[PDB]
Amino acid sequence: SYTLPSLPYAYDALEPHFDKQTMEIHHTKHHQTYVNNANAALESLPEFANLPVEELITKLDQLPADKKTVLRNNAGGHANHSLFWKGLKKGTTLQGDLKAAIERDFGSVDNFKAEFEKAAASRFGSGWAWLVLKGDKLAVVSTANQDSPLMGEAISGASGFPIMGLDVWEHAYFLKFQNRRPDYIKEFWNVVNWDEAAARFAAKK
């Protein structure tokens, strides 16, 4: 079965940027529900139920027709949140090979940040903003709902290997930021885990 992953840190470890009460709700309620609902939909599918979730979301087209949407949504939700928690950490700096690649592909770090900020702000409704590696070129893309670029273009409207991402569902920022998504996006730069991002870039570059 899928399980709710323990976080890499205490719920207050992202203060003063991301609020501890949201971290706790977001993990124990929202993420838990995707785990539960994906497990329910997978019980009748022994050939899928025990695969890693990041593998499952690459073969949605292999499912029975009546399973595709529920697993897109809930396996997407489990994969995306699992990545998000590991993708947050205070105490990191954009540097080294990943910084140089960002500068190569976007012209500068500030250009990348502006593009990420724009994509994160212009995702209307629920979704995610991503830094992906698409054929050895870094790109900023966004997805709706719990779609992931790992699902491919036909399903998600995006593609590429996720390096990092930002959750822009309202539950991620409501308590502290209300409707002020640009303020939340700005705070993300204080907590994106550039070490994990660098590790992911090294593994698929």
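Numbering starts at 1 and follows the sequence shown.
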Between 132-140 and 176-184, the record assigns the higher mean Cα B factor to 132-140
With B-factors read from the PDB entry, the higher C-alpha mean of 19-27 and 6-14 is in 6-14
Note to self: of 169, 48, 161, 34, the C-alpha temperature factor tops out at 161
Based on the PDB entry, the highest CA temperature factor among the options 70, 56, 154, 42 is that of 154
Residue 114: CA B-factor among chain residues, third -> lowest
Of the three thirds of Cα B-factor ranks in this chain, residue 96 occupies the highest
Temperature factor at the Cα of residue 87, chain-ranked in thirds, falls in the middle
